[PDB]
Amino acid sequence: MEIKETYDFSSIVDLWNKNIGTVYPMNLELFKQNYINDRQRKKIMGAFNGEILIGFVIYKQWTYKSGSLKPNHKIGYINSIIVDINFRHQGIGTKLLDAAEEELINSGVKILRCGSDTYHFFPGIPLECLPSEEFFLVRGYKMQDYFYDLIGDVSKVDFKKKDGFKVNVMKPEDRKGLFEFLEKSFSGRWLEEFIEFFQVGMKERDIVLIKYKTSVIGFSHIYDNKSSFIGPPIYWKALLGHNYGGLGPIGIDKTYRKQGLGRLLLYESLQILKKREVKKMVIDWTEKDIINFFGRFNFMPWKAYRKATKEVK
């Protein structure tokens, strides 16, 4: 059994699907999009029996800026790790994770996270992967709070509907105002996302803006089967059926919160998706305390993910 670098994305995707594809169905397009475009220092280590892939870990160090933020080099990530089911409990996972942790630690990482990376597949350890929590815990990762992907069917329910506030799809002329808003209200990871996604296929039609007069005060990113950029809400579209969609992120300026404007933006974003003939759709990577906000629109927790962090000693 050899441990060595690999970039055979087809072999990886095949193994992923054989092992967890029922719940995290992976296509090669998504895998490539996410891996090739990520700007962090990144590596894939594979476990091999001769030329046959029997497991892999993907891992990253935070070395690229996030909007107005400079990289914190102390932070590393396990994007994913999977050993094939017929090769479990032989030490391969341990060897893979050791290789990745050693490399990260040698490069200055002091805090290791399970998912939550740029171009993540996972916000945290999936509930479907709950048995792996024992493997991580033994290896010094602390199990923290939960995040949730929510699911709803916008075709299924009708909802009932403020001076100077308007919500419309983005037009190309809005670009400048969108970026000023982000620089001001969401200047980290959501800003970085907007910058990078526009360089790899996101259209203005996927963005809804709420304005007060001329000024942008919040946004959503929405998804359907015509979107070219494949974002987290539609990662798992194989489970969502036909005319699938998604929504996230969504944010309002802190100054304008708690007066129903989030609710208006959400309502109008959904109506737009509804008129695009969307049915089943996902809202990604929510905290518990915000579920009810989307739940008023009949969204329910679908998938859960457990945050998990190892402090290097």
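Position 1 is the first residue in the sequence shown; the rest follow in order.
Deposited sequence between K161 and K162: 1 to 3 residues lack coordinates. Between the stretches 143-151 and 176-184, it is 176-184 that shows the larger average CA temperature factor. Once the C-alpha B-factors are averaged per stretch, 22-30 and 271-279 rank with 271-279 first. Note on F136, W236, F229, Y119: the highest value goes to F229, judged by CA B factor as recorded. Within the group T214, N79, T94, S220, the record's highest C-alpha temperature factor is found at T214. Per-chain ranking of the deposited C-alpha B factor places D206 in the highest third. Compared with the other modelled residues of the chain, the Cα B-factor recorded for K60 ranks in the lowest third. Residue-level temperature factors show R39 in the lowest third of its chain, judged at the C-alpha atom. Among the modelled residues of its chain, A100 has a C-alpha B-factor that falls in the middle third according to the deposited record. When the modelled residues of the chain are ordered by their C-alpha B factor, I85 lands in the lowest third.
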